[PDB]
Each structure stands twice: as C-alpha cells, then as structure tokens.
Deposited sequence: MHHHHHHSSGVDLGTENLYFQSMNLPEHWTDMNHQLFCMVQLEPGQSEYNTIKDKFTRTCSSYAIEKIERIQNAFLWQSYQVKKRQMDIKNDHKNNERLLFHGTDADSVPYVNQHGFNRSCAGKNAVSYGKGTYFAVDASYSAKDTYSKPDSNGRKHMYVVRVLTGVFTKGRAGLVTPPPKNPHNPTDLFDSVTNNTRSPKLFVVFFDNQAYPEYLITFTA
C-alpha cells in the first residue's frame, strides 16, 4: 500500500528520488527546514522510497493507533547523521545499537527543530562540507520524560510494568527531542543535503 505521492519504481522496492525545486513537496519540506535553518544552503532534497521500511512502519502505526485508541501518534522530526551512515539509514532506517549524548535513554534521537540536528556533532560535514539531515515520520505516541540508561520507555503504571510509553522526551510540556527504542518506529521520509 505504497503512498500516492511516491513515483513509480519499475517493480523495485527501494529508490531515492531527487525532488524538483519549486513543486509543492520540495517547498513543504524546504519550509520545515528553513523555519530554523534559513542560514544554510540546500543542495538537494530526496524522497526515500523504501517499501519494506514503509510496510514495517505502517504496521507499527496501525498497532499504535489501536493501542492508544486514536491517531495523533505520529510527528515529523529531524535527524542529523554522518555521510557514512546515510546508506544504512536509507536501506535499514534507524538502529539504536548504532557516539553522541544518550542522556534520555539508549534509543534513536529526533529533534523538533532542524537547527538542533544541523549541529556538526549530528550532521557531520563530509570531506566536501556536505551535511545530511533526515525528515522522519516518528511514532512518538504517548510520551514521558526520559532519563539516562533507559533501554525502553518507562511503564505508564508500574502496576503493569509491560504497558509502556511509546517514546521519551527531554520535556513533556515543550518537547525539543524524542527518543524511540524500537526498529520501525521511525520512517526516514526525506534526506536533505545542505551546507553551512
């Protein structure tokens, strides 16, 4: 059940599609980035068409929508990474088992603001100065404040220790980062290649 806005993949299951500047999709993704990264220079934006990752993510989404008994489980967030990680993420998504602060738990970190992900410690500039940031669909669901050393989100009620929050954050009232602890809770939707 591959999304309408995807382009034909000639019966293949993985493709990176460079977006056309000035069309609705490119402008929408560029605006989300330029909200906080207007001083940067965008070289290109690519749509990640990964059928397998999409399938696994949509299954997790449908499960979270049932468990939480609403939609609103999804947020669009940013993730800066190094050039050498880009092929892995494009193909396999985010892996908590793969450096950098993990103060809110041993998961994959997503930023609310592109400017946070634009830090060199996250979107490490490559031998030619290029920086890489994903726009990510994240199943944040019902979240709570994180803490160091978590390997999963805490339980909602320690009377039912296996009924977990879906994600953790730095701050529940005004979140700036989210951490997820399971594969296929995050779909890398766009890759932005940019410079300082």
property: In sequence order, the deposited-sequence ranges that have no modelled C-alpha atom; result: 1 to 23, 122 to 123
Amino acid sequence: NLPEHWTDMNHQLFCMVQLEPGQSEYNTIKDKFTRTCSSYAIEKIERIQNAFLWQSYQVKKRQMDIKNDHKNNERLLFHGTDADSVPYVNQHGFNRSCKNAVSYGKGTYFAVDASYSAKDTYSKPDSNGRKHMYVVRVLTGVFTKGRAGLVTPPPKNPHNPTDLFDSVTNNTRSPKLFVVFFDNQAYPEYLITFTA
From here on, numbers count along this sequence of modelled residues.
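What we label the rigid core is the largest C-alpha set whose atoms superpose within 1.5 Å from one form to the other.
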{"query": "Between stretches 47 to 55 and 65 to 73, more displaced by Cα RMS in 9 other deposited structures of this protein (rigid core superposition)", "finding": "65 to 73"}
{"query": "RMS CA shift, core-fitted in 9 other deposited structures of this protein, bigger for 4 to 12 or for 186 to 194", "finding": "4 to 12"}
{"query": "Other PDB entries, at least a third, lacking residue 99", "finding": "yes"}
{"query": "Stretch with the greater mean C-alpha B-factor as recorded in the entry, comparing 63 to 71 against 143 to 151", "finding": "63 to 71"}
{"query": "Mean C-alpha temperature factor, higher of 44 to 52 and 159 to 167", "finding": "159 to 167"}
{"query": "Lowest, middle or highest third - CA B-factor, residue 82", "finding": "middle"}
{"query": "Ranked against its chain, the third holding the CA B-factor of residue 100", "finding": "highest"}
{"query": "Among modelled residues of the same chain, the CA temperature factor third for residue 137", "finding": "lowest"}
{"query": "Modelled-residue ranking by C-alpha temperature factor, third containing residue 16", "finding": "middle"}
{"query": "CA B-factor ranking of residue 188, expressed as a third of its chain", "finding": "lowest"}
